[PDB]
Amino acid sequence: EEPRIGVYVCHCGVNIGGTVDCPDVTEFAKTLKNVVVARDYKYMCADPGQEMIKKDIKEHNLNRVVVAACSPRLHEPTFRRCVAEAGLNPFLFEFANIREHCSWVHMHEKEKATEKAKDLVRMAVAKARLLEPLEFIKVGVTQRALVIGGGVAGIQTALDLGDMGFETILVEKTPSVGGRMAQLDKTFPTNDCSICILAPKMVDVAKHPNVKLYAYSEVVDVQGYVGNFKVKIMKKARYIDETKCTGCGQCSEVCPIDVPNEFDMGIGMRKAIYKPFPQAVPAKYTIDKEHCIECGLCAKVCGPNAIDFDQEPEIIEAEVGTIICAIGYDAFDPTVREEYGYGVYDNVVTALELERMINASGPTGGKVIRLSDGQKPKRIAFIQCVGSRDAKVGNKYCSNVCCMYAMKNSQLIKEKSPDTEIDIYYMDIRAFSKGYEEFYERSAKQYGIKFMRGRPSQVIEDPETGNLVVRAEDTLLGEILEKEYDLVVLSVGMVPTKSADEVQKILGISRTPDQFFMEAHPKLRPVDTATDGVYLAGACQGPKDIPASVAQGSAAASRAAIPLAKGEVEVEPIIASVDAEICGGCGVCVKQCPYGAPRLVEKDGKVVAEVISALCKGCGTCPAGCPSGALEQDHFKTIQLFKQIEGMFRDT
Amino acid sequence: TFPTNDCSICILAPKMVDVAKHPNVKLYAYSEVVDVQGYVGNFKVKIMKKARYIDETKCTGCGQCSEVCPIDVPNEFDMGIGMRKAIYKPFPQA
Amino acid sequence: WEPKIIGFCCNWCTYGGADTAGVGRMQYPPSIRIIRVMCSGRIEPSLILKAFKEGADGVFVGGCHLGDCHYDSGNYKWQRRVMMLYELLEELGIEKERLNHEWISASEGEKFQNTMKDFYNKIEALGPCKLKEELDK
Amino acid sequence: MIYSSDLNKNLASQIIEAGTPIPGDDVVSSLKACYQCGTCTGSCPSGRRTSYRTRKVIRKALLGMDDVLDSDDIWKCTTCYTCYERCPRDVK
Amino acid sequence: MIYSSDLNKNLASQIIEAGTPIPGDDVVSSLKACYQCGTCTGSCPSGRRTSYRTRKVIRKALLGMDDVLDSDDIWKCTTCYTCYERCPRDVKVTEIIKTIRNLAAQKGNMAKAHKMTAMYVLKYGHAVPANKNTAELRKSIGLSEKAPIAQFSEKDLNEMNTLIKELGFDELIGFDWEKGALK
Amino acid sequence: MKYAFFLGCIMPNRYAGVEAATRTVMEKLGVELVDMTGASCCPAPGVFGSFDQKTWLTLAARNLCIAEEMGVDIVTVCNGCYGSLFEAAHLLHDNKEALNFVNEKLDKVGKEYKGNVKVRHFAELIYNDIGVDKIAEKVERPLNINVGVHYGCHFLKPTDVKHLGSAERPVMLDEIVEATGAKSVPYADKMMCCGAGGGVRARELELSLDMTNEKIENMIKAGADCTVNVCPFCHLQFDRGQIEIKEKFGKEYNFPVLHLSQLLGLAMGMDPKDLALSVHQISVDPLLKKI
Ligand SMILES: Cc1cc2nc3c(=O)[nH]c(=O)nc-3n(C[C@H](O)[C@H](O)[C@H](O)COP(=O)(O)OP(=O)(O)OC[C@H]3O[C@@H](n4cnc5c(N)ncnc54)[C@H](O)[C@@H]3O)c2cc1C
Ligand SMILES: C[C@@H](OP(=O)(O)O)[C@H](NC(=O)CCCCCCS)C(=O)O
Ligand code: SF4
Ligand code: SF4
Ligand code: SF4
Ligand code: SF4
Ligand code: SF4
Ligand code: SF4
Ligand code: SF4
Ligand code: SF4
Ligand code: SF4
Ligand code: SF4
Ligand code: SF4
Ligand SMILES: O=S(=O)(O)CCS
Ligand code: FES
Ligand SMILES: [Fe+3]
């Protein structure tokens, strides 16, 4: 049968129509071979727009549909479901991107944008003619979830999925769950003890009947697709018998190697054999082989003889249906902003280091003290937006929680020592959520915390006393201030965690300009990724506070529970297949596939290649490399792409 | 809608369409919950399906009616800045 | 005269980088027309040579960063193919500069915009490729 | 250039103690709730013909600038209460 | 009191136009990215001893206050580039100040001492020309009495004169070629 | 190494000893300094750039053409000239509209800039191409004194185009002066401006002196015996400004000032007379006694 194409040009209100002359593109589409219906509408994805396509498919007997509008990455599934409801196979639908790829980037070149939209429509129509009906492949869903990261976001996802009755696996990189929330003393805007409220959730997730906790473990490999993921978890060796470990801590006293305690942000010193924090879950000790000298002094003191250097990491193979990435964030390193002197001046600290100094279980015993002489500071300055809203460090985003934690920690210091003078150097006070503006009012009115509108130019240390001078313009007075302080606290921003690169490659997910993980859509899908079966939750998706991370943890559980609850999902049949009559078994395709899908086999007395359909992810590398043309990727066949290329210059 | 400057319709209309024809969702538009009794897992609710004075199953939603109605009512959807008829549809993508 | 540039972008990081440029209203010249593929590994010499045959003044190819391919290593095969293709184009009298390949992530909207500006300016300076005119004789 | 040595850190608290018990601790302590919006300055009839800026007087008090007591500006307020009526932070 | 009638809506555009193509449209258009943080003012060495506030100069340009061109303040910047290095919004501050000064000079706000320094380059080819003491010093040191510079080369002096006349820099500073002095 | 030696204005017409000191120091380090015949004012970047940008770049490109015709790169011992010629070269290479405007003007005098000239500062040339180790090897007289290093502003900034590392905490000059046997003393606001730049010395003299006075005070409080610079203008500001500070503020310091070339010269056994340390407004004799 000959193609009967329906072309739809969206205006997207004025997003497309305001730059591209949609009525003119619609008239041009009609001049193309096989195009029998062409219409322009304000919103093609809206009810009237979708009903218009369906009605035309039936009335004009269309076997191809072209929608010139937004990106397929946003509404391709939406229009595929729309055409399928009218009886048209979803793979006979073609998208032409004239918004993100045209109207939004050629706003001052309307005529050339209109001509580009015509060519993009002709290219879409050209490929559409040779598109073929493909059967959406129905695949089963393994009734099991995987959560990567055991912070407040990850713990919430696992608890929600576990409570729903779904088997869940929670992998935590460090020896304990809890994340950065465990490092905080209190939490704004209620000033609740962070661990005193998080600990119950850590306890709950550790003994949940539907949650398998793998602490001090890392996901080293993920293979497959939605509902059929095959994951490899490396249970790292603590070199201490897990079951015989009491958690008393007497073998550390003899260890001669001092390692900076990561949990205390480098202020504290721990041994090669240790426990992250006193309320850690699971409560067990670990040996760090990156700094261990293997002298065996700890083993002599240890009664249980739990210490075993011959311990080997275990690779656990698990099958899951959905994966939730909740690996969190890291604090920005302010060494780069040299004018502030971090790493040079002893009394210049970050806010996360202050959290630890303020924390009762911290290295200073909950006492805020100068690192140069151990004395309590009488005057403190907070410097906002350090590593945020700054093009010089490549971080042009708002870290979201720094205004609030600076005001919170200032209240905690005033509670401990009311005589302390505290000044906050800011640009904008961002107290945007429930009880936040009130917290800001309270900080000034009740605690006497002072606010200076002006981003400091530099910090100068007095080498004789260790005191610091903050140079900044009080923009509200139009005068330069040069106030002296005993301690300067840099309100550092949030950056993706160090392991984010490793996790990105394993899950096959993208990043946003801020370097955090990319959600499928900022409003249509805040916790989904463009990779089916992979979701996000917490700070790893972008800078945010606890309730936002907790809500995202719950949102991810719901979204990841949909495929599990359904028990069946549909996958794109854009896979490679070999034409046995043309393949002479050259073997070029075999090594090109990273999944090992194409394999040489015997057929009709001779050798030929054959693709294991289930192992093909549909990249199109082996068909591109096939020298005989026997290998072809459905939906991206060479002939289809060839006509698309012709479509840019002429009607084919 | 910020920060992508997408139309509000871009994200909302497909969701509105999906929820209206979902096999597991019963949509009661122009309706209000007038009573709720019980406790967790055992709630007994009363929903008042307000009368639209139009048969929903027979209605096409063409709007030939709106072009003939002679009474003009301020459109609540347009915040009083717009004028609608007695027989109306909130907005074109409703 | 305006250059006729054809583009080949992978659906995961690059097509996403072009979308980011659009969401951020990052303006660039309207000569390019992008073709979507799932991976840059789908790109092979025949598609680029076919584009030049049809009349392209410039050909652009975009894929994930090396090591960040959605399909693990499709971009490594394309990288080996494009280096050979650059020298083959020179042997055929096609300026090496008429072909441009870049690695752009989903977060790199600004980079995509500048790559489009730079490539357009490069092709505009070279003038039209006279292959089609020579073949139409 | 304004240095720490030129400021009197307790000026705000000193102003509050002078207001305790008349007009009241709660009344004068409201100076700490000021978020420097400028609504008071824009409402000031005196500010429209002089260098007097109501907001800057509150700023100078919170910062500790001693000259505010020696300034002629604080004596340009006619006590019309317009700033008091319009302050969104309830600053008396 | 500042009314709409006292402001010039195109001040920023006019400053950006003056900066096109040198130092560049993208360089001077960076003034629109300023979020008035004050980092530039706090970094300014001149601001610590004068009423000059770098941030306020950018604020005036954005608000449309033409008096910024007539101010003595814009001429207190030493062009140390410290504000340029520390601006978190990538505002090319130092280049914007030089551009605002170009418009100031066209309005006639150029100091006499500056017109003389500009005249030294036009007349002798150098801001600091050689004198009788230079010759006797260079001689006693072992260097060539007269350095191989434009000052002692009519070819190079006439080359600069041709460029200066074409650029209209002579008319800007108000130099009379026949009298050999400023008007 | 062969480089077209750009002289500028102050060094060739005021502090001639700095020229003589550079000529021998660079010869000892294996650098062939060729005469850049007919080179005029850079022109001053802060001063001329402020009057008319088009004129600054057109006149700067005219000087670049002199070295381009010679087929060699440029070297300078002044931050003002370095900043002016380097930023001009970068701008002409990066901006084609600016290059077109300038070449349309240079066509009237039979010149055309092609973008083959690289501008270098003698201090960074010594650090990146020669090596700090070669300085110590040529030291005949070790200068064991405390020095307040003055980097200036146009040497390292703007960092986006210069690419010579940090402008907040640099080590380049400190390591070069310490190779002579001296000690770079840390002082308050080490990277601040001397106050002479951007035409401030000529228009607002007292303002420029206030900034130099602060730098001198900070260096003296740190225990400096002298100050070393890499800019004839900073050198002038420190050396002659003290006479103006004494006549305007009444403060006397008699603080010795040595240009890096002069400091490297003293270290390389050059005679103070050949170095011309006696000509300085402020006497260097107190420093000569310390070495
Ligand atoms: C100084 C400071 C003060 C703050 N104060 C407050 C406050 O008062 N109130 C408030 O609401 N918010 C505050 N925040 C924000 C708060 O820290 C976050 O909202 C919260 O930690 C988000 O939790 P998360 O689970 O998403 O990430 P995280 O808390 O960082 O936890 C991530 C977890 O994943 C693990 N992980 C990382 N990589 C891997 C991997 N490859 N494999 C397995 N596991 C991995 C980590 O070890 C960690 O346990 C503050 C932030 C800072 C920096
Ligand atoms: C040096 C000095 O000139 P005299 O030595 O007085 O002739 C000075 N001129 C200038 O400022 C001219 C500008 C020099 C710019 C040098 C840039 S490094 C002045 O008048 O005070
Ligand atoms: S390793 Fe031994 S000594 Fe250390 S906590 Fe465990 S049981 Fe106690
Ligand atoms: S064997 Fe390792 S952990 Fe034990 S005491 Fe020695 S260094 Fe410490
Ligand atoms: S939340 Fe506050 S301190 Fe943090 S980046 Fe945003 S404005 Fe700056
Ligand atoms: S590359 Fe093509 S011809 Fe060679 S074995 Fe594979 S399918 Fe057969
Ligand atoms: S197209 Fe070929 S190389 Fe790509 S996943 Fe499928 S079988 Fe493997
Ligand atoms: S989302 Fe796409 S289909 Fe819907 S209105 Fe916007 S451009 Fe049109
Ligand atoms: S005329 Fe009005 S009531 Fe009747 S079907 Fe059309 S829209 Fe519904
Ligand atoms: S109106 Fe109130 S909060 Fe606003 S500046 Fe005046 S006193 Fe402060
Ligand atoms: S009460 Fe005083 S300060 Fe307030 S508006 Fe009236 S005159 Fe101005
Ligand atoms: S530092 Fe930049 S953004 Fe901040 S006030 Fe100065 S020019 Fe504006
Ligand atoms: S460049 Fe000018 S405005 Fe900027 S810090 Fe230096 S002197 Fe101040
Ligand atoms: O005086 S200038 O700013 O032009 C150069 C100083 S080195
Ligand atoms: S998916 Fe982008 S290169 Fe393979
Ligand atoms: Fe408790």
# chains A, B, ... in the order shown; residues from 1 in each chain; ligands from 1
>>> residues_near_ligand(ligand="ligand 14", cutoff="7 Å", atoms="only C-alpha atoms and all ligand atoms", output="count of residues only")
18
>>> residues_around(residues="residue 164 (chain E)", least_positions_apart="5", cutoff="8 Å", atoms="only C-alpha atoms", output="ChimeraX atom specification")
/E:122,169-170 /F:55
>>> write_last_selection(atoms="C-alpha atoms", output="PDB file, in the first residue's frame")
ATOM      1  CA  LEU E 122      50.085  62.560  18.555  1.00  0.00           C
ATOM      2  CA  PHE E 169      41.039  61.019  17.648  1.00  0.00           C
ATOM      3  CA  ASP E 170      42.563  64.446  16.838  1.00  0.00           C
TER       4      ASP E 170
ATOM      5  CA  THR F  55      42.510  54.155  18.516  1.00  0.00           C
TER       6      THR F  55
END
>>> residues_around(residues="region 2-5 of chain C", least_positions_apart="4", cutoff="7 Å", atoms="only C-alpha atoms", output="ChimeraX atom specification")
/C:31-33,56-59,123-124,128
>>> residues_around(residues="residue 616 (chain A)", least_positions_apart="4", cutoff="9 Å", atoms="only C-alpha atoms", output="list in words")
residues 574, 575, 576, 593, 595, 596, 597, 598, 611 and 612 of chain A
>>> residues_near_ligand(ligand="ligand 10", cutoff="9 Å", atoms="only C-alpha atoms and all ligand atoms", output="ChimeraX atom specification")
/D:30-43,54-56,58-59,83-92
>>> write_last_selection(atoms="N, CA and C atoms", output="compact mmCIF listing (two decimals), in the first residue's frame")
# COMPACT_ATOMS: atom_id res chain seq x y z
N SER D 30 11.51 45.72 68.06
CA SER D 30 11.01 45.51 66.71
C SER D 30 12.04 46.03 65.68
N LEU D 31 13.02 46.89 66.10
CA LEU D 31 14.04 47.40 65.18
C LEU D 31 14.88 46.26 64.60
N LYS D 32 14.98 45.13 65.32
CA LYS D 32 15.74 43.96 64.87
C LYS D 32 15.02 43.21 63.73
N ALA D 33 13.69 43.38 63.59
CA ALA D 33 12.90 42.70 62.56
C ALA D 33 13.00 43.40 61.19
N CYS D 34 13.63 44.58 61.12
CA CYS D 34 13.75 45.31 59.86
C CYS D 34 14.50 44.54 58.77
N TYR D 35 13.90 44.40 57.57
CA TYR D 35 14.59 43.70 56.49
C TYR D 35 15.02 44.67 55.35
N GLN D 36 15.21 45.96 55.68
CA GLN D 36 15.67 47.00 54.75
C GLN D 36 14.95 47.06 53.41
N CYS D 37 13.62 47.02 53.41
CA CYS D 37 12.84 47.07 52.18
C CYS D 37 12.75 48.48 51.57
N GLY D 38 12.82 49.51 52.40
CA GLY D 38 12.75 50.90 51.95
C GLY D 38 11.36 51.51 51.92
N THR D 39 10.31 50.75 52.32
CA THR D 39 8.92 51.26 52.34
C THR D 39 8.81 52.50 53.23
N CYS D 40 9.56 52.54 54.35
CA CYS D 40 9.54 53.68 55.27
C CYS D 40 10.10 54.93 54.59
N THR D 41 11.22 54.79 53.86
CA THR D 41 11.85 55.92 53.17
C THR D 41 10.93 56.49 52.09
N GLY D 42 10.32 55.62 51.30
CA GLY D 42 9.41 56.04 50.23
C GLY D 42 8.16 56.74 50.74
N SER D 43 7.77 56.45 51.99
CA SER D 43 6.59 57.03 52.63
C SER D 43 6.92 58.33 53.36
N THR D 54 14.89 57.21 56.10
CA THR D 54 14.42 56.44 57.26
C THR D 54 15.07 55.08 57.37
N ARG D 55 15.16 54.34 56.26
CA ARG D 55 15.76 53.00 56.24
C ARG D 55 17.21 53.01 56.71
N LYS D 56 18.00 53.99 56.24
CA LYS D 56 19.42 54.10 56.61
C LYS D 56 19.61 54.35 58.10
N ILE D 58 17.74 53.06 60.49
CA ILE D 58 17.56 51.74 61.09
C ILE D 58 18.81 50.90 60.78
N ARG D 59 19.35 51.01 59.55
CA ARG D 59 20.54 50.27 59.14
C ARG D 59 21.73 50.66 60.01
N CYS D 83 5.34 55.52 58.13
CA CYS D 83 6.23 54.37 58.00
C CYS D 83 5.76 53.25 58.94
N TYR D 84 5.33 53.63 60.16
CA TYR D 84 4.82 52.74 61.21
C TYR D 84 3.59 51.98 60.68
N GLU D 85 2.71 52.69 59.95
CA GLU D 85 1.49 52.12 59.38
C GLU D 85 1.74 51.18 58.21
N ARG D 86 2.76 51.47 57.40
CA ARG D 86 3.08 50.66 56.22
C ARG D 86 4.19 49.63 56.37
N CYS D 87 4.93 49.60 57.49
CA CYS D 87 6.00 48.61 57.60
C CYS D 87 5.50 47.18 57.53
N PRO D 88 5.98 46.38 56.56
CA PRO D 88 5.53 45.00 56.46
C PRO D 88 6.15 44.08 57.52
N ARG D 89 7.20 44.54 58.22
CA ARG D 89 7.86 43.74 59.26
C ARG D 89 7.46 44.16 60.69
N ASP D 90 6.43 45.02 60.82
CA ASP D 90 5.92 45.50 62.12
C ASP D 90 6.95 46.29 62.93
N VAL D 91 7.84 47.01 62.25
CA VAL D 91 8.85 47.81 62.93
C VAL D 91 8.16 49.07 63.45
N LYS D 92 8.22 49.33 64.76
CA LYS D 92 7.60 50.51 65.36
C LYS D 92 8.61 51.64 65.16
>>> select_by_dssp(residues="chain C", states="strand (DSSP E or B)", output="number ranges by chain")
C: 5-10, 32-37, 58-63, 69, 72, 99-103
>>> interface_residues(of="chain E", to="chain A", cutoff="7 Å", atoms="only C-alpha atoms", output="MDAnalysis selection string")
chainID E and resid 37:43 48 88:90
>>> residues_near_ligand(ligand="ligand 3", cutoff="8 Å", atoms="only C-alpha atoms and all ligand atoms", output="JSON, numbers by chain")
{"A": [240, 241, 244, 245, 246, 247, 248, 249, 250, 251, 252, 273, 284, 285, 286, 301, 302, 303, 304, 305, 306, 307]}
>>> residues_near_ligand(ligand="ligand 6", cutoff="12 Å", atoms="only C-alpha atoms and all ligand atoms", output="PyMOL selection string")
chain A and resi 576-593+597-602+606-611+621-633
>>> residues_near_ligand(ligand="ligand 4", cutoff="7 Å", atoms="only C-alpha atoms and all ligand atoms", output="PyMOL selection string")
chain A and resi 252+254-257+271-273+287+292-299
>>> residues_near_ligand(ligand="ligand 2", cutoff="10 Å", atoms="only C-alpha atoms and all ligand atoms", output="NGL selection string")
(:E and (113-114 or 116-118 or 120-121 or 126-131)) or (:F and (8-11 or 13-14 or 41-48 or 78-84 or 154 or 196-205 or 208 or 231-237 or 240-241))
>>> write_last_selection(atoms="C-alpha atoms", output="short mmCIF file (atom, residue, chain, number, x, y, z; two decimals), in the first residue's frame")
data_model
loop_
_atom_site.label_atom_id
_atom_site.label_comp_id
_atom_site.auth_asym_id
_atom_site.auth_seq_id
_atom_site.Cartn_x
_atom_site.Cartn_y
_atom_site.Cartn_z
CA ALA E 113 46.24 66.45 31.84
CA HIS E 114 44.84 63.54 29.77
CA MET E 116 48.15 66.56 26.98
CA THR E 117 49.24 62.88 27.44
CA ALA E 118 47.12 62.12 24.31
CA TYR E 120 52.31 63.73 23.40
CA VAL E 121 51.53 60.52 21.44
CA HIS E 126 54.96 58.67 22.92
CA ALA E 127 53.07 59.49 26.21
CA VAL E 128 56.49 60.02 27.88
CA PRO E 129 58.91 61.44 25.25
CA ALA E 130 62.72 61.73 25.42
CA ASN E 131 64.37 65.03 26.49
CA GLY F 8 57.82 51.41 25.33
CA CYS F 9 58.20 54.93 26.79
CA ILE F 10 59.23 55.17 30.48
CA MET F 11 62.02 52.56 30.33
CA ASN F 13 63.05 57.71 28.04
CA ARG F 14 63.21 57.78 31.92
CA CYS F 41 53.74 54.06 22.40
CA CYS F 42 52.09 50.59 22.95
CA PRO F 43 49.87 52.72 23.48
CA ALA F 44 49.14 52.84 27.28
CA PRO F 45 46.13 50.44 27.62
CA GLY F 46 44.37 51.97 30.62
CA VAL F 47 44.95 55.56 29.47
CA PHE F 48 44.27 55.30 25.68
CA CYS F 78 56.58 46.48 31.11
CA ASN F 79 53.14 45.32 32.28
CA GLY F 80 51.52 48.28 30.53
CA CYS F 81 53.05 47.38 27.17
CA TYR F 82 52.57 43.64 27.80
CA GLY F 83 48.90 44.09 28.66
CA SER F 84 48.34 46.47 25.73
CA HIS F 154 48.61 44.12 33.85
CA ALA F 196 49.36 54.79 38.73
CA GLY F 197 47.30 52.82 36.16
CA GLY F 198 44.29 53.90 34.08
CA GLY F 199 45.54 57.49 33.78
CA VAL F 200 45.05 58.01 37.53
CA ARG F 201 48.62 59.25 38.15
CA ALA F 202 48.19 62.11 35.62
CA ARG F 203 44.55 63.09 36.48
CA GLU F 204 44.28 62.20 40.22
CA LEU F 205 47.88 62.34 41.52
CA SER F 208 47.53 57.44 43.17
CA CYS F 231 56.81 47.67 35.47
CA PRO F 232 58.64 50.93 34.67
CA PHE F 233 55.46 52.79 35.72
CA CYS F 234 55.17 50.97 39.08
CA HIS F 235 58.92 51.57 39.40
CA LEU F 236 58.41 55.29 38.69
CA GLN F 237 55.43 55.43 41.10
CA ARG F 240 59.47 59.20 42.36
CA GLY F 241 56.09 59.05 44.15
#
>>> decode(residues="region 76-98 of chain C", atoms="C-alpha atoms", output="mmCIF file, in the first residue's frame")
data_model
loop_
_atom_site.group_PDB
_atom_site.id
_atom_site.type_symbol
_atom_site.label_atom_id
_atom_site.label_comp_id
_atom_site.auth_asym_id
_atom_site.auth_seq_id
_atom_site.Cartn_x
_atom_site.Cartn_y
_atom_site.Cartn_z
ATOM 1 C CA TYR C 76 34.469 4.827 19.699
ATOM 2 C CA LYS C 77 33.604 3.130 16.383
ATOM 3 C CA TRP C 78 32.325 6.426 14.913
ATOM 4 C CA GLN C 79 35.515 8.208 16.064
ATOM 5 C CA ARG C 80 37.663 5.724 14.077
ATOM 6 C CA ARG C 81 35.384 6.082 11.020
ATOM 7 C CA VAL C 82 35.417 9.917 10.992
ATOM 8 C CA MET C 83 39.261 10.193 11.108
ATOM 9 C CA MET C 84 39.491 8.086 7.927
ATOM 10 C CA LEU C 85 36.608 10.005 6.345
ATOM 11 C CA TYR C 86 38.392 13.364 6.902
ATOM 12 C CA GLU C 87 41.350 12.274 4.753
ATOM 13 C CA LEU C 88 39.123 10.524 2.147
ATOM 14 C CA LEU C 89 37.211 13.817 1.674
ATOM 15 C CA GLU C 90 40.551 15.598 1.010
ATOM 16 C CA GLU C 91 41.471 12.943 -1.609
ATOM 17 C CA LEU C 92 38.078 13.642 -3.289
ATOM 18 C CA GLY C 93 38.701 17.417 -3.297
ATOM 19 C CA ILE C 94 36.278 18.080 -0.405
ATOM 20 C CA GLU C 95 37.761 20.340 2.263
ATOM 21 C CA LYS C 96 38.362 18.426 5.518
ATOM 22 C CA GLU C 97 36.712 21.475 7.223
ATOM 23 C CA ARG C 98 33.338 20.728 5.500
#
